[PDB]
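I have placed the structure first, in the form of structure tokens, so that the comments after it can refer back to it.
Chain naming here is simple, since letters A, B, ... match the order of the sequence lines and numbering starts at 1 in each. Side chains are part of it too, since the values below use all heavy atoms of this structure and drop only hydrogens, waters and symmetry mates.
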Amino acid sequence: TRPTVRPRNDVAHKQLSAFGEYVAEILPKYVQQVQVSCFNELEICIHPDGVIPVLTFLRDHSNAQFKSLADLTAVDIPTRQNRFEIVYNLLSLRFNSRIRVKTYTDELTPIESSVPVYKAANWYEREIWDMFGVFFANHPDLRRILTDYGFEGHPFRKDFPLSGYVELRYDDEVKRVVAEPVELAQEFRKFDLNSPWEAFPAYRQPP
Amino acid sequence: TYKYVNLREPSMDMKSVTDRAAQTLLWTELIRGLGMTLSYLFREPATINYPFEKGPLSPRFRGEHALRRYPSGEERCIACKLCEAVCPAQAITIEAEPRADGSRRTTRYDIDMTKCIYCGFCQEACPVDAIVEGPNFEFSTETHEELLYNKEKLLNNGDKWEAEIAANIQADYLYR
Amino acid sequence: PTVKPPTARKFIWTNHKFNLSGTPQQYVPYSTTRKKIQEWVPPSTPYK
Amino acid sequence: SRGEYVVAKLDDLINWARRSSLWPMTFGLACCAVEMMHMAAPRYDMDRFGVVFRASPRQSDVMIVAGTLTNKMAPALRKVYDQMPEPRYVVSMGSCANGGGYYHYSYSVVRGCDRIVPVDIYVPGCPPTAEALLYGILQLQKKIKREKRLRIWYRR
Amino acid sequence: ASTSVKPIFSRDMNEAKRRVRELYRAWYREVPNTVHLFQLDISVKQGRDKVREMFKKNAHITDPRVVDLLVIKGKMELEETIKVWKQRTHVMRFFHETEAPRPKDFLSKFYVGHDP
Amino acid sequence: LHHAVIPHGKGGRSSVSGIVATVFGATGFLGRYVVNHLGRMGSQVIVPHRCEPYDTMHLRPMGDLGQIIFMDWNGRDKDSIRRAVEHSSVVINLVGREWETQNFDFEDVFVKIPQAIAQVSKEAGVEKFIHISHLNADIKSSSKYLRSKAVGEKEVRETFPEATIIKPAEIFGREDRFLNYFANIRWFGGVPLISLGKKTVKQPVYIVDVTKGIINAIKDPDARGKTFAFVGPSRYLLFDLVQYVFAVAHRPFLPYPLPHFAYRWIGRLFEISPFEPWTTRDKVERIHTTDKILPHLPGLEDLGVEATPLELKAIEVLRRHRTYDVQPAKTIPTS
Amino acid sequence: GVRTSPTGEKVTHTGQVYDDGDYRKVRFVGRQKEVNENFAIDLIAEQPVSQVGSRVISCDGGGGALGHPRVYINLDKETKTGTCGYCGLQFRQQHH
Ligand SMILES: NC(=O)[C@@H]1CCCN([C@@H]2O[C@H](COP(=O)(O)OP(=O)(O)OC[C@H]3O[C@@H](n4cnc5c(N)ncnc54)[C@H](OP(=O)(O)O)[C@@H]3O)[C@@H](O)[C@H]2O)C1
Ligand code: SF4
Ligand code: SF4
Ligand code: SF4
Ligand SMILES: [Zn+2]
């Protein structure tokens, strides 16, 4: 074989492709796209209205039994109308398999909280609101989790500066820690690392 | 394969029940614990007599940064900024210009030892073994400014520790 | 070092110095680059 | 005996008492606390120098800031410094406490615990080895050994 | 379909204004407790003026969804103050007591530096 | 001059303000606010200190890296003064002690030391020089503290003619000895006073107001060779002022008269302590001295500072004196 | 080597020295200015020009893999020597 190239597993790829169609046939109302990657990962892309139907089916259906929410996060892609892409990574212990479910929202459109399906989603959705600003409807207790109290903005957005807008310091006149506009003794040095030559022809986007 | 850690059924015969009754009333398993601490009292402690004895290290130890020279005294650094580009913490600031004799050399080489994570990526990325992490780990200061190294400080560290840096590199360059 | 002494080089320190922090011999950082922008010096003779 | 001789000796006695009984309060915030625990472990045994393992904030003489100090945590670090009886010294352990470290440019990180509290010793490393931290503590003892409070008072 | 946007809480500005006044009433009555619990040096009048000023900034909004988020954020901010999750530093960051006044006119900005 | 220090930045911690200041006596009550304000705007501050370095640790956080430099100096060593000012563009003299020691008396700290600092600064080429006198300085006053203030204020005006002299009233603040002084008398039963506090009028000023006046006098070219008088916005009788202090502190107020000669006898007893005396014969004279009115001198309003009333910030100072609203005292209308 | 300026301050191998009127000289008061006494520019000038008998020569800086990337230097010009771009050693072609 080739010592340095990752071996392929066509059996898992075929199995996940068949199961992707299986879900798409059972939830046409919501599924918008299904794809399987070259390393055997299945992604189900759905309408944001189908969060509770699709996740509930995947958790409870006998042939799915995805009873674990491994991770719930979001990605900011400012070029899209709906900036944020909400990603649910699920694990099935019954079938020793994983599935990824993706939806989308924007700054003002809320998404239905997944706490009714998976209790683990409670703190993951608090982090998405805190870092990305996506609002989850009917969340039992939604509020900042990671950032400081009174922190303005949502750091993990692509238009939020790396060092933020304010910085802390102890002032002896007021005898407390104060917040002032950020000044850096050394500015972060922006490196332009991209190579002007195409690396992967297989992903060439048509002009 | 798997195994159960706590799935035993305590035998309920009279002898076994009385064995547990003696354990409860006579504190047998608690005294068994005192035996273990008593034994440690009579072992030799593992403490070393610092600073008169020092903990063992290896040639690969990543300590204080330093700038080296060739056997002639010429600086090894030729201002290529690979250490600056790789440094994950952006702790290295470099400026360079053609020297008086026309050589490619730095006019500034600062390592903010308070941004540095002592990762060693600088000594890996250097193609002339100029910047290294020496074996000194005792250079704590009394002020924050003393940890902002410039080229003069880094060259002095190289001249200071060249006797030990060279022997460490000699003992490890074949693994690199 | 008595059995395998280090390689000798002219630039290596002959006298080793311990940690000098907190003493007058301590290191003080400074910029090692010369001035960048040369400012205009006005003429020293009156224009009129 | 001259007054300058009695005061010189009293300084040594109180300096000796204070540097021989340094009880530290450790702010274990991040990985540097694990190396701080290795200084208390049998290998180095900080306790044999007179440095008790764990001391309450109202009994401590030195605060060891061992780990990243974030904005959210900075107010509580100052609150513990203000409640520490004097003399009180502060030791900054690691790059994160020193000057921000790996996370210098983060929106949520205090770029050095020395802009929240005064610092007496800076221990460099990510993390400093248990021996490099013990060097800082022993370096703080020598700093306390050079104090001349009574001598300076006698010349006012 | 372009403007057929899912709401958060309010279906029109009339409902959104209802939540704002309820939020304003909650803040108005809380200031005397905040000035007492946190031992602030400001007065109740100054605290309520800041509450008033904060509401006035977002008075030009006409999108109910945007108003819903401002009320959602406002309630979250109020929750931190009521439950004493904030500290005196967080409550006093609305007043900018250590930031020297910055000039607003052209000439004063012209002397100090280059920022417009 | 090839160029000044050319301020850069936004005026924050990491900016460059162009001020290189040698603040003498920066380890006291007034100094810890001057360094704080100079450091907040990014100024190189040299802090000559006579004390142990442990007592200057509260200043280190006030400036960015390298913006605060600590040097040793002796009040009677002109060479040490020269080392601290020869690179500065402004020298601020805050040296002052409210009691006489075995080694330094009111003549040394208020005449000789200010004059030595002023002379060396002129020789070294220092441009700005700010000297802090007292408002009630008078060569014919019962307080040796105030008499030496007048003598020293005159020699500074001679050695360094282009010197800005600030003449503030009693300053009240967190670390003051004016409002904290009218709170430690409760430990002795009652609050003894001369003439029951009547016949004495005081016009205290806030520490930050004095601090902003000094900062604005450094940056104001129209302050060279000018004598300022920093006073508060209201005048109070010494009786109603002290009554207000005890009302903010919620402590019993039992003011009783005490003859002047007896107040001196108790004052002498407290002078035997080798530490900061609780009260000295000189302090009692100043507390009961009446704040002068000098309309010809400029004040805070000229430098651009609005004097802060004592009512908005008496709670700040006196919060620590409470155990486990208050009516403002009676002001004195300007005729 | 280190040559002091007219104010008592040493000039570093990069030519940096604070002007007489610069306020930044204050940081050295009571302390010292760290300057490295071994100027590399002068030291590399003490190395003799190696005489070789071929058009092209190779330099790795000495020590094999402990030196610098091996480069090949051309010696066709008789007016000047062949200088290594990394270590500064100079080479000359013997009488041709
Ligand atoms: N505090 C007030 O109410 C008033 C009212 C009007 C005028 N003043 C004068 O302003 C100067 C500042 O005084 P202060 O800061 O308020 O009070 P102090 O704590 O005493 O500060 C004195 C500093 O000067 C140092 N100092 C005193 N004596 C000496 C000396 N012989 N040699 C060197 N320094 C001396 C002192 O240092 P240290 O002893 O604490 O280490 C302080 O730093 C003052 O002139 C007022 O009269 C304020
Ligand atoms: S050890 Fe790593 S972080 Fe430190 S200077 Fe070298 S490359 Fe940068
Ligand atoms: S130290 Fe090495 S990697 Fe860094 S600039 Fe110099 S030659 Fe390049
Ligand atoms: S300095 Fe290094 S070890 Fe210490 S907290 Fe920061 S990253 Fe962790
Ligand atoms: Zn070479």
Side-chain angles (χ1 to χ4, degrees), chain B residues 44-68 83 89 91 111 113-114 116-126 129-141 147 149 153-154 156-176, chain C residues 1-7 12-13 16-19 21, chain D residues 31-46 48-49 66 91 93-95 98 101-102 121-139, chain G residues 66:
Chain B
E44 183 177 5
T47 309
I48 65 181
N49 189 30
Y50 184 89
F52 311 91
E53 297 160 15
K54 317 291 274 289
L57 298 172
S58 78
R60 298 177 185 188
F61 181 72
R62 308 200 294 255
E64 199 179 359
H65 281 71
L67 280 164
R68 299 182 62 241
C83 58
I111 301 184
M113 307 298 288
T114 64
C116 163
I117 59 161
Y118 301 77
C119 73
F121 289 10
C122 49
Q123 60 175 346
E124 306 170 10
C126 187
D129 299 54
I131 186 60
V132 299
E133 270 189 292
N136 188 32
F137 60 86
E138 292 153 319
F139 54 109
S140 46
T141 61
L147 289 178
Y149 290 7
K153 176 72 177 183
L154 292 168
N156 278 346
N157 284 336
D159 301 331
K160 184 176 181 177
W161 299 93
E162 176 61 10
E164 189 176 14
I165 290 168
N168 289 330
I169 296 174
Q170 175 62 35
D172 193 58
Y173 78 111
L174 286 173
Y175 297 95
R176 300 177 179 182
Chain C
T2 59
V3 177
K4 189 166 289 302
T7 310
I12 298 186
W13 286 7
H16 172 79
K17 285 187 282 291
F18 48 68
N19 195 11
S21 179
Chain D
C31 355
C32 274
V34 167
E35 278 290 356
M36 198 282 169
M37 294 162 60
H38 272 259
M39 187 181 63
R43 173 64 64 84
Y44 300 97
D45 188 12
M46 63 195 288
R48 76 176 188 88
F49 293 94
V91 169
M93 186 194 182
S95 301
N98 283 6
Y102 207 172
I121 294 293
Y122 294 78
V123 187
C126 193
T129 68
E131 196 168 337
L133 172 65
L134 190 61
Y135 182 87
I137 301 301
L138 268 47
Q139 187 178 357
Chain G
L66 294 178

Specify the closest pair of heavy atoms between [X] and [Y], including all atoms of both residues, with the distance to one decimal.
{"X": "D:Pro127", "Y": "D:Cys32", "result": "CB-SG, 3.8 Å"}
{"X": "B:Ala163", "Y": "C:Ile12", "result": "N-CD1, 4.0 Å"}
{"X": "B:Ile131", "Y": "B:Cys83", "result": "CG2-CB, 4.3 Å"}
{"X": "B:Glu64", "Y": "B:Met113", "result": "CG-CE, 4.3 Å"}
{"X": "B:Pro135", "Y": "B:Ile165", "result": "CD-CG1, 3.9 Å"}
{"X": "D:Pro128", "Y": "D:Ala132", "result": "CB-CB, 4.0 Å"}

Are the side chain of [X] and the backbone of [Y] linked by a donor-acceptor contact shorter than 3.5 Å?
{"X": "C:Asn19", "Y": "B:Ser140", "answer": "yes"}
{"X": "D:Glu35", "Y": "D:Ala130", "answer": "yes"}
{"X": "B:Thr114", "Y": "D:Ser95", "answer": "no"}
{"X": "B:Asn168", "Y": "B:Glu164", "answer": "yes"}
{"X": "C:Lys17", "Y": "B:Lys160", "answer": "no"}

Rounded to the nearest 0.5 Å, what separation is found between the [atom1] atom of [X] and the [atom2] atom of [Y]?
{"X": "D:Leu133", "Y": "D:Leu138", "atom1": "CG", "atom2": "CG", "result": "10.0 Å"}
{"X": "D:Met39", "Y": "D:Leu134", "atom1": "CE", "atom2": "CG", "result": "6.0 Å"}
{"X": "B:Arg60", "Y": "B:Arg176", "atom1": "CZ", "atom2": "CZ", "result": "8.0 Å"}
{"X": "B:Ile48", "Y": "D:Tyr44", "atom1": "CD1", "atom2": "OH", "result": "5.0 Å"}
{"X": "B:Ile117", "Y": "B:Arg62", "atom1": "CD1", "atom2": "CZ", "result": "8.5 Å"}
{"X": "B:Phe121", "Y": "B:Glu133", "atom1": "CZ", "atom2": "CD", "result": "10.5 Å"}

With heavy-atom distances below 4.5 Å as the criterion, would you say the side chains of D:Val123 and D:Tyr135 are in contact? no
Quick one, D:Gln139 and C:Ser21 - any side-chain contact, counting heavy atoms below 4.5 Å? yes
Candidate pair B:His65 and B:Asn157, rule side chain to side chain contact (heavy atoms under 4.5 Å, CB included), full reasoning: CA-CA 8 Å; B:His65 281 71; B:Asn157 284 336; over 6 Å; no
With side chain to side chain contact (heavy atoms under 4.5 Å, CB included) as the test, would you mind laying out the steps for D:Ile137 and D:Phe49 before giving the verdict? CA-CA 10 Å; D:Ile137 301 301; D:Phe49 293 94; over 6 Å; no
Less than 3.5 Å apart, any donor N or O on the side chain of B:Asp129 or B:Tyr173 sitting next to an acceptor on the other? no
Give the intermediate values and the outcome of side chain to side chain contact (heavy atoms under 4.5 Å, CB included) for residues B:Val132 and B:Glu162. CA-CA 11 Å; B:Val132 299; B:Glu162 176 61 10; over 6 Å; no
Over 60° means perpendicular and under 30° means parallel, so classify the ring planes of B:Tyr118 and B:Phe139, tilted if in between. tilted
Working note: B:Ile169 + B:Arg68, criterion side chain to side chain contact (heavy atoms under 4.5 Å, CB included); need CA distance, chi angles, decisive distance, verdict. CA-CA 12 Å; B:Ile169 296 174; B:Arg68 299 182 62 241; 3.8 Å; yes
Sequence neighbours excluded, every pair satisfying salt bridge (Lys or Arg N to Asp or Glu O under 4.0 Å) that has a member inside residues 125-136 of chain D: none
